[PDB]
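A.B. asks: For reference, the structure I am asking about is given below.
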Amino acid sequence: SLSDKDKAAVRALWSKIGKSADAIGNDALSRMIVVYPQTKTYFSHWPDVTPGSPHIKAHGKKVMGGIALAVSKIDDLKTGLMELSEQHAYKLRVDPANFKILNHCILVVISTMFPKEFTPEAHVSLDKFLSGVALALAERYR
Amino acid sequence: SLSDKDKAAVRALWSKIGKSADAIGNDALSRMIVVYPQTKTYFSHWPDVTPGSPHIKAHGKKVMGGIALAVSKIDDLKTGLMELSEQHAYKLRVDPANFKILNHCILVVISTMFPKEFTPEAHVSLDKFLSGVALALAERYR
Amino acid sequence: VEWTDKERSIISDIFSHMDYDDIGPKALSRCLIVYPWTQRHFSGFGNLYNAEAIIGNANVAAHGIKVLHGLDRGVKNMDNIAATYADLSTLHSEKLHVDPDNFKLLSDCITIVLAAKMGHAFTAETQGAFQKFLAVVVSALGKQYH
Amino acid sequence: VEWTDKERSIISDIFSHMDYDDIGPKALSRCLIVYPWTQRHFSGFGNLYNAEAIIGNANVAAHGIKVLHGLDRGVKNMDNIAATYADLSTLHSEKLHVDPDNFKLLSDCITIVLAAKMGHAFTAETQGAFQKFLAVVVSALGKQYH
Ligand code: HEM
Ligand code: HEM
Ligand code: HEM
Ligand code: HEM
């Protein structure tokens, strides 16, 4: 659960890097199937499931904005994300265990981009939120 | 979030099975430490780390009473077990990934002793439960 | 991987009494309920929308036995499970596409089932050696995910 | 495990440039802080409830240098890791009562702090080899655990 501190902490950093929210996702989405090339199972219908390609990069945007929507509705990611929950749970039935991996590559990519803003303090807060974003996604899975 | 139905299912199950909680608790830790020896780190205070030791059974009891209280607080798991969060996090400094471990365990023990009660239906809605249980307990960590 | 002898009797034993047509359907059917994302592939098996429509799916019955037997070889190839499962893995990876996290989720459904069938016979002991065999197959099961 | 040359080189590169004196302290600092339960064995290194307490503590900085430098040995013993760390594994297990999962937590934080160090040179492929390493080594620190 994200305290207040957190909301601020998070929110107050989204501020900084929201402009790079596009590029951040194509890079996090790339580091996902490089180091963890078994998450490529869901993407297997994309001829170019390879680092920073048309699909992978284009998708990058509609996942980071997905992280945008979340960051806004942080006070209620379950209500705010519920539509995604249908999406990943009743459509592209994505094993929840994979969201951790993605987060993981989203922290790393933001470090390598904003090594000064992404502090430990914005680490624990961002981390909590990320887990936050995962559970909501796993709202209607089962 | 526990569905209304999940709530009703956790309550049934612990109706038929709360009878024998200490037996469960005991066989549960017994299994955690023997099948996950990376957990004896927290029980190091003791000499007594024998599967079914005396010190290991009082604690079994100690461990399900919190369960019993979880069912009793199944509307708010966060709030309800706040105290138990305080001990584990900062007194005990229990790595939270050890929650998922005693949970598969309690569910294995639960499966040994009550095969008729543990339907898949009972099984699912109780996984959903202790997982939130596990998450309620990570509240005071950071 | 290493392997005690008592890991070998218990494991060997566990396939002597194991009801294959009992627990087989009882564990995949149990997989797709506690972890319904696992129905991601079996989509052609028929009706699976609600719980007993899964316990009421004969195909999962069938296949669940398949699965069960699929750990046969491993019992034979204990010191060569990966080399032995290499092509199973590769199949589930390139043809099937199954997310390898699910492998590990069926195991806990196989475990658990056996657990109510053996009752006071599925000791810590046996759970230890039982898990410490499925957690090797799965591995191998994943080893060819490139 | 089995390494390719690129993975050989990559761990050659990274570890040759490592400013252990920065990264070292930090990666323990950020882990203490983002993973407070790992402050189980650092308690008497001073007070640690605050950001400034940790980052500004020398019993951790100079401690994070140990750990990092402990990585040294694996880069040179590139195929003997498990063998090599079995005294690091036995120690941390039967001498300090550490939770092996805490290895990957710290490993993890070693990648965030390093990745903030290296930035774009640190591609996915770069990440891949470094987390392979720590994974390899981490499995080597969790062996003596019984
Ligand atoms: C941070 C966590 C995640 C967020 C915010 C997220 C969000 C989204 C969004 C917004 C879409 C919409 C696609 C569209 O508009 O066409 C989508 C699709 C998708 N998601 Fe994710 N997702 C997350 C994690 C994952 C993970 C971990 C996987 C599997 C490894 C995954 C698999 C997919 C797939 C396969 C699609 C289909 C996109 C396409 O076909 O173009 N998602 N996700
Ligand atoms: C599964 C959910 C759990 C519940 C409901 C639970 C509940 C409790 C309760 C009620 C106590 C009593 C505190 C006291 O007055 O001594 C306790 C203590 C303790 N718990 Fe937990 N616990 C859980 C999981 C765990 C796990 C997985 C571990 C180990 C990884 C753990 C480690 C401990 C330790 C070390 C103590 C103190 C025992 C002593 O020092 O004598 N707990 N727990
Ligand atoms: C203990 C691990 C597993 C074993 C022993 C196993 C066994 C098998 C075997 C022997 C086959 C037949 C393939 C062939 O020879 O053509 C099969 C097929 C298949 N498996 Fe697995 N499996 C395992 C894990 C999984 C899991 C966890 C899933 C789902 C998440 C899965 C999904 C499938 C699917 C969709 C098929 C296709 C059926 C067919 O073409 O016959 N497998 N499995
Ligand atoms: C990447 C994984 C790790 C490596 C390579 C590593 C390596 C080392 C090394 C080389 C030492 C020096 C021995 C000494 O000072 O006596 C050490 C000591 C120690 N480490 Fe680790 N370590 C790791 C993870 C951890 C973790 C996760 C913790 C706890 C959260 C931890 C806690 C300690 C403690 C308490 C000492 C003993 C210091 C003393 O006796 O004064 N280490 N470690």
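Even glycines carry a Cβ here, placed using N, Cα and C.
Taken from Swiss-Prot, the feature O2 binding site covers B:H59, and the record attributes it to sequence analysis. Taken from Swiss-Prot, the feature heme b binding site applies to B:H88, supported by sequence analysis. The domain 'Globin' annotation in Swiss-Prot covers B:1-142. What Swiss-Prot records for B:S1 is N-acetylserine, and it gives experimental evidence as the kind of evidence.
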A.B. asks: Quick one: DSSP breakdown of the domain 'Globin' (B:1-142) into helix, strand and coil?
C.D. replies: 102 helix, 0 strand, 40 coil
A.B. asks: List the residues of the same chain that sit at least 6 positions away from the residue listed as 'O2 binding site' in sequence and have their Cβ under 8 Å from its Cβ, in sequence order, or write 'none'.
C.D. replies: B:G25, B:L29
A.B. asks: Once near-sequence residues are set aside, which residues in the chain of the residue listed as 'heme b binding site', 6 or more away, have Cβ atoms under 8 Å from its Cβ?
C.D. replies: B:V94, B:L137, B:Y141
A.B. asks: So if I measure Cβ to Cβ from B:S1 (N-acetylserine) and keep only same-chain residues at least 6 apart in sequence, which ones fall under 8 Å?
C.D. replies: B:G132
A.B. asks: Cβ under 8 Å from chain A: which of the recorded positions B:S1, B:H59, B:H88 qualify?
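C.D. replies: Listed recorded positions meeting the cut-off: B:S1.
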